[PDB]
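For reference, the chains in residue letters:
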Amino acid sequence: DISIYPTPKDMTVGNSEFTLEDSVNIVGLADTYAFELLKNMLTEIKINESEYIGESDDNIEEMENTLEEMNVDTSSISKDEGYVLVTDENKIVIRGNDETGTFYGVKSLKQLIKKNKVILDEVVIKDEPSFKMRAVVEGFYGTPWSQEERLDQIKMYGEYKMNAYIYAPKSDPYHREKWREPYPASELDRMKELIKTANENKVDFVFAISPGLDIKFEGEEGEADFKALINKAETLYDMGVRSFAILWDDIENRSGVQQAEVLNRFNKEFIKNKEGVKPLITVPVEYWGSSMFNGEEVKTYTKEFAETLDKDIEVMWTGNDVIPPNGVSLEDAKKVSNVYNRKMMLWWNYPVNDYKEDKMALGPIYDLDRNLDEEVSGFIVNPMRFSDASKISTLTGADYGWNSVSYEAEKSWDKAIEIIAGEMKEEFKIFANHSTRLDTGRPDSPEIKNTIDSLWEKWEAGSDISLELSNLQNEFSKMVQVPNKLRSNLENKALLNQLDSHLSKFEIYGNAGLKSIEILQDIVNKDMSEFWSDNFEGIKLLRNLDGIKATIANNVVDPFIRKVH
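Residues numbered from 1 in each chain as written, not as in the entry; some residues may be left out. Heavy atoms only, no water. Residues with missing side-chain atoms left out of burial classes, pairs and counts.

*Asks:* Sorry, what's going on with the overall build of the protein here?
*Replies:* A count of helices and strands for the protein gives 18 helices and 18 strands. Computed over C-alpha atoms, the radius of gyration of the protein comes to 27 Å, within 12% of the 24 Å expected from 2.2 N^0.38 for 565 residues, which places it in the range of a compact globule. (Helix = DSSP H or I, 4+ residues; strand = E, 2+ residues; numbered from the N terminus. Rg over C-alpha atoms; globule rule 2.2 N^0.38 Å.)

The structure is reproduced here in structure tokens:
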């Protein structure tokens with residue numbers, strides 16, 4: 001099956017395939033990057049000068065040979081970043097609605113090519129995003145991503161059509177403690193590389209400022225602090241920053257009016273007059289739904305903040321809670337969008353694990369309303385400080401952000417695991433299955449849990465539990481085997497290193513689970529001698545588990561083994 005990720009809005013596969021000659025000839029004028037992409041891919045074919053055909057164009061080009069050729073398929077792709085992609089048996093058309101659309105068209109093409117002959121299936125794809133902003137924020141506490149990780153992350157975003165990176169590292173003082181101060185000389189090449197890499201990838205580099213700890217609003221100092229703010233933003237503009245955010249999350253000041261005013265002035269006196277600068281982004285003091293309401297009434301801060309703030313300023317919130325245990329429903333978002341008189345942006349606190357750092361979140365974006373896009377214009381993933389380990393969840397986030405209507409968590413998770421773990425995808429999922437739930441997320445190993453819950457009812461009733469024991473034994477044997485196989489074969493070694501303690505603990509859980517079954521079986525067999533021995537071995541395995549810091553399988557398997565003892 002043809003597989004494009006994120007899942008395209010509209011895709012129809014054709015009957016035939018075709019192959020490519022060693023010469024191509026591309027007709028198109030076109031986005032530098034979309035075009036340089038097309039090239040690097042062909043050369044991974046050559047460009048002929050005369051008469052197989054590949055027409056790559058944006059709508060702003062109104063290119064003749066392209067628009068003419070594309071008569072067979074009709075265009076109601078209107079949204080920004082939308083594109084159409086056609087292949088037929090031999091022409092291939094890459095028509096965006098814009099420079100980004102054309103880039104994404106090529107990204108989808110790059111996933112169509114099967115390489116030996118080099119074939120390219122025939123399809124019509126009509127495609128565009130559910131959310132206009134699909135971002136990752138560096139918003140965890142703990143050790144920041146390194147330069148290599150950041151660059152690596154940015155490239156992944158462009159690959160999967162995420163269009164923004166919010167640079168908000170808690171430990172970088174020039175975003176916060178020293179917000180007034182421009183970036184030193186030493187830092188400039190570091191930042192430009194980020195910005196340039198983001199630009200080449202159609203990823204908005206968003207610079208976040210958190211002035212809230214000491215900013216002044218009142219009088220002479222207010223005017224100074226405001227000038228400081230304008231200046232800093234000018235610096236960043238000079239580096240190439242075209243997207244900005246001012247954050248009030250997690251500070252002292254509770255003046256909604258003054259904060260909104262600072263934002264409106266900045267929006268007025270900086271944003272709208274600077275060329276290519278995108279809408280300002282903010283986050284309130286009351287950034288979770290429940291913080292915004294006292295019963296049915298809107299709280300003072302939110303009332304003043306929302307009433308004062310210009311409607312074209314984007315506002316992030318986290319859902320009903322800081323970490324919503326059961327995702328975010330359309331009605332949750334409606335309640336907040338009604339107060340703010342605008343589509344909200346969802347800052348989604350998963351896979352971030354900074355509040356539970358010994359457990360990795362390796363599951364799909366889960367329990368977010370399929371039709372959130374009705375009230376929400378932005379989807380923002382807050383990842384773990386562990387970059388490679390964050391990728392699986394983040395990619396499901398890319399899929400949801402791009403195509404929320406057709407997003408299915410489990411099927412999406414399968415594809416992300418395949419992207420990240422390759423040939424080891426089955427072994428990886430067996431592991432990741434036990435590591436999805438933190439304060440939010442898909443519940444861990446749900447079938448195993450049902451098996452156990454069902455087992456205990458039968459056990460208390462003295463009914464035969466052979467099928468369940470058999471089922472559990474299969475699971476536990478896989479748990480025993482997958483760590484060595486992953487340690488041996490997982491190609492992503494940063495990922496392997498991040499997970500190594502978890503994998504070792506997982507192997508011991510497998511063994512402890514196998515022993516727990518034996519203990520249960522001993523009781524059924526009324527074999528007092530065998531029971532004593534197994535019980536003793538089981539206590540030792542429990543001790544081995546308790547000695548390892550890493551948290552995995554802690555909601556389902558762990559209580560099972562402890563209940564048996």
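*Asks:* Sorry if this is basic, but what is going on with the pairing of strand β12 (residues 243–247) here?
*Replies:* One ladder, built from four bridges, connects strand β11 (residues 204–209) with β12; its direction is parallel. Its bridge partner being in β12, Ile209 is matched across the sheet by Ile246. The β-α-β motif built from β11, the intervening helix α6 (residues 219–239) and the parallel element β12 has right-handed crossover chirality. When β12 meets strand β13 (residues 281–283), the two strands line up parallel, connected through three bridges. If you follow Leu247 over to β13, its bridge partner there is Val283. In this view, the connection linking β12 to its parallel neighbour β13 by way of helix α7 (residues 256–269) has right-handed handedness. (Pairing = 2+ DSSP bridges. Right-handed = clockwise from strand over helix to strand, strands pointing away.)

*Asks:* What is the right way to look at the domain arrangement of the protein in this model?
*Replies:* Interfaces are frequently sized by the accessible area removed from exposure as the parts join. Domain annotation of the protein identifies domain 1 (1–128), domain 2 (130–440) and domain 3 (441–565). Computed from C-alpha coordinates alone, the two centres of domain 1 and domain 3 are separated by 50 Å. (Domains from an automatic or database assignment.)

*Asks:* Mind showing me how you'd approach the pattern of salt bridges here?
*Replies:* Opposite charge on two side chains allows them to pair when their charged atoms are near. Here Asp439 ties to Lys356 by a salt bridge, and the two come within 3.1 Å at their closest N and O atoms. Here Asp439 is found in the loop between α13 (425–432) and α14 (446–460), whereas its partner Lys356 is found in the loop between β17 (344–348) and β18 (376–381), with 83 residues between them in sequence. A salt bridge links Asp453 to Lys449; its shortest N-O distance comes to 2.7 Å. Linking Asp453 with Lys449, this pair stays in helix α14, spanning four residues, or about one helical turn. By sharing partners, the salt bridges in this structure join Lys515, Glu518, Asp534 and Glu537 into a single network. (Salt bridge = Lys/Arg side-chain N within 4 Å of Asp/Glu carboxyl O.)

*Asks:* Explain the environment of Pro144 here, please?
*Replies:* Tracing the backbone shows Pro144 in the loop between β9 (133–137) and α4 (147–159). Separated by 241 residues in the primary sequence, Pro144 and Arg385 place their C-alpha atoms 6.3 Å from one another. Apart from residues lying up to four places away in sequence, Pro144 is in contact with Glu138, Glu149, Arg150 and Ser171. (Contact = heavy atoms within 4.5 Å.)

*Asks:* Honestly, the packing of aromatic side chains in this entry has me stumped. Any pointers?
*Replies:* We describe a pair of aromatic rings using the distance from one ring centre to the other and the angle between the two ring planes. Each member of the aromatic cluster is reached from another via a ring pair, and the members are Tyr157, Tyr165, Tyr167, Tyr174, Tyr183, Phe205 and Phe207. The aromatic ring of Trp402 is capped on one face by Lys161, whose charged end is 5.8 Å from the ring centroid. When the ring centre of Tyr237 is taken as reference, the NZ or CZ atom of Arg242 above it lies at 3.9 Å. (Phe/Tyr/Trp six-rings, centres within 6.5 Å; stacked < 30°, edge-to-face > 60°. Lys NZ or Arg CZ within 6 Å of the ring centre and 35° of its normal.)

*Asks:* Help me understand unusual backbone geometry in this model?
*Replies:* In terms of backbone geometry, most residues other than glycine have negative phi values and most peptide bonds are trans. Along the chain, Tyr5 connects to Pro6 via a cis peptide bond; the corresponding omega equals -5°. One can find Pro6 in the segment before β1 (10–13). Along the chain, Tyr350 connects to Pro351 via a cis peptide bond; the corresponding omega equals 5°. Mapped onto the fold, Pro351 is located in the loop between β17 and β18. Positive phi is not limited to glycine here, since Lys202 has a value of about 65°. Here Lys202 shows up in the loop between α5 (188–200) and β11.

*Asks:* Sorry, what's going on with the side chain of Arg134 here?
*Replies:* Relative to the helices and strands, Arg134 is located in strand β9. A polar atom in the side chain of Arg134 sits 2.8 Å from the backbone oxygen of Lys161. Residues contacting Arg134, with those up to four places away along its chain left out, are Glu81, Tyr104, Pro129, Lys161, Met162, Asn163, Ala164, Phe379, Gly401 and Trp402. (Polar contact = N/O pair within 3.5 Å; in protein donor to acceptor, adjacent residues only side chain to side chain.)

*Asks:* So what exactly am I meant to see when it comes to the UniProt feature "active site" (unreviewed entry) in the protein here?
*Replies:* When the UniProt feature table is mapped to this numbering, "active site" (unreviewed entry) covers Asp250. Among the structural elements, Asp250 can be located in the loop between β12 and α7. (UniProt positions renumbered as here; feature names shortened; annotations may be inferred.)

*Asks:* Sorry if this is basic, but what is going on with the environment of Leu469 here?
*Replies:* You can see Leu469 is positioned in helix α15 (residues 466–489). Taking the C-alpha atoms as reference points, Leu469 and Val283, separated by 186 residues in sequence, lie 50 Å from one another. The residues contacting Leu469, other than those within four sequence positions of it, are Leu455, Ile517, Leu520 and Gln521.

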